[PDB]
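All remarks here apply to the structure that follows.
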Ligand SMILES: N=C(N)NCCC[C@H](O)[C@H](N)C(=O)O
Ligand SMILES: [Fe+2]
């Protein structure tokens, strides 16, 4: 259910060399300079890869695009960080650039004023004490399936994930719309504006740095949590709908029994068709955030310097779609 590409050694080396050159020339990934240049620099990537990315993006069926075979030297990389705050290590630097280059073939990258201090290139890694939270730094508790930033109309079209390391093979989970089992009445209800989708816990003040707690954009998160507006779960074509739902943060509209039954049914059908995608070291996946929901299986964290670690990036097909949420910065979204 995903499109797959495997780099040849020559292609992988060329891509790595390009990223390393970018890392030498630009101060950081999230600076305005590299954000503007990356989409043009990505034109220098191996031709066969560019062809795959162009064609896979135009395909109507896949839930994700996967590129296998980027080399990652664990010794050069260094230890997995204890927190995302300290995670921009020299060892991971070139791979962050590589991820942004691939992302540049698919769309415009952005972040959130209220998640990981407004960073564009973010980190997924287990944090000690947060094993049973509902955020991506969980471990022992399975990360429930969701549309990334399901609450927001400016959520990504694609979610990019590059696996820096994953020694114990922990699976990302994926599921599409369970179209073979949804009856037309239930389908009809899911297409109607009868559902509440609150922001997930990654947007909470306590999950950002103490110096950021005063940011005005947290007010907008509070309003979305306190007073969510009724929206549809399914949109577009009835035979190939787009999907907007979060398994832990969605609810029916108040007193709406038909919507409740429809959401209950959907949960059950998504649970039943959830499948696994293991991102091994050096794998990059771009998950279609409109066709599919995703999560991550429960795992026992190591906390020994070699924990599973991904770089992550939100991607949109059109940055100008979200101008209302441009928070004094077009690549960092949030509202009063
Ligand atoms: N537990 C759920 N159903 N949803 C939580 C949302 C998870 C997202 O990836 C979030 N941006 C994060 O990184 O924590
Ligand atoms: Fe996610």
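Residue numbers (the numbering used here): 412 to 747. Ideal placement from N, C-alpha and C gives every residue a C-beta, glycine not left out.
Membership of residue 417 in the beta strand (DSSP E) is indicated by the continuous run 414-417.
Bounds of the alpha helix (DSSP H) holding residue 684 are 668-684. In the three-state reduction of the DSSP assignment, residue 595 falls in the helix class, which pools H, G and I.
Placement of the Cβ of residue 522 at a distance of 7 Å or more from every heavy atom of ligand 1 is found.
Relative to ligand 2, the nearest heavy atom lies less than 7 Å away from the CB of residue 547. With fewer than 16 neighbouring CB atoms inside 10 Å of its own CB, residue 419 falls in the exposed class. Set against 7 Å, the gap from the CB of residue 711 to the closest heavy atom of ligand 1 is not smaller. Collapsing the DSSP output to three states places residue 549 in coil.
When DSSP states are grouped into helix, strand and coil, residue 483 belongs to the coil group. In the DSSP annotation of this structure, the continuous segment of the beta strand (DSSP E) that includes residue 569 starts and ends at 569-576. Taking C-alpha positions only, residue 623 is separated from residue 548 by approximately 19 Å. In this chain, the alpha helix (DSSP H) harbouring residue 420 covers 420-436. Between residue 477 and residue 556, the CB-CB gap reaches or exceeds 8 Å.
With fewer than 16 other CB atoms across the displayed protein chains lying within 10 angstroms of its CB, residue 490 is exposed.
The nearest non-hydrogen atom of ligand 1 is 7 Å or more from the C-beta of residue 542. Residue 580 and residue 687 have their C-alpha atoms some 11 Å from each other.
In the DSSP assignment, residue 507 falls within the alpha helix (DSSP H) that extends over 504-515. In the DSSP annotation of this structure, the continuous segment of the beta strand (DSSP E) that includes residue 582 starts and ends at 582-586.
In the DSSP assignment, residue 651 falls within the unbroken beta strand (DSSP E) covering 651-654. In the three-state reduction of the DSSP assignment, residue 462 falls in the helix class, which pools H, G and I. Under the DSSP assignment, residue 451 falls in the alpha helix (DSSP H) whose first and last residues are 443-452.
DSSP, reduced to helix, strand and coil, places residue 563 outside both helices and strands of the structure shown, so it counts as coil. Remark: three or more beta-carbon pairs, one from each stretch, lie closer than 8 Å, so the stretch 523-533 and the stretch 603-615 are flagged as touching. Burial is judged here by how many other beta carbons sit within 10 angstroms of a residue's own beta carbon; residue 507 has at least 16 and is buried. The beta-carbon distance between residue 605 and residue 564, rounded to whole angstroms, is 17 Å. This is too long to meet the 8 Å contact definition.
By the CB criterion at 8 Å, residue 574 and residue 711 fall outside the cutoff. Classified as exposed, residue 553 has fewer than 16 neighbouring CB atoms from the shown chains inside 10 Å of its CB. A check of alpha carbon separations from residue 627 across 447, 746 and 494 identifies 746 as the nearest. Annotation for residue 604 indicates a beta carbon at 7 Å or more from all heavy atoms of ligand 2.
Excluding residues up to 5 positions away in sequence, 601, 602, 603, 604, 605, 606 and 655 lie with their Cβ nearer than 8 Å to the Cβ of residue 643 in the same chain.
Residue 636 is positioned such that its CB atom lies closer than 8 Å to that of residue 609.
Excluding residues up to 5 positions away in sequence, 514, 531, 724 and 726 lie with their Cβ nearer than 6 Å to the Cβ of residue 520 in the same chain. By the C-beta criterion, the stretch 733-747 is judged not to be in contact with the stretch 447-463, since fewer than 3 inter-stretch pairs fall below 8 Å. In the three-state scheme derived from DSSP, where H, G and I count as helix and E and B as strand, residue 644 is classed as coil.
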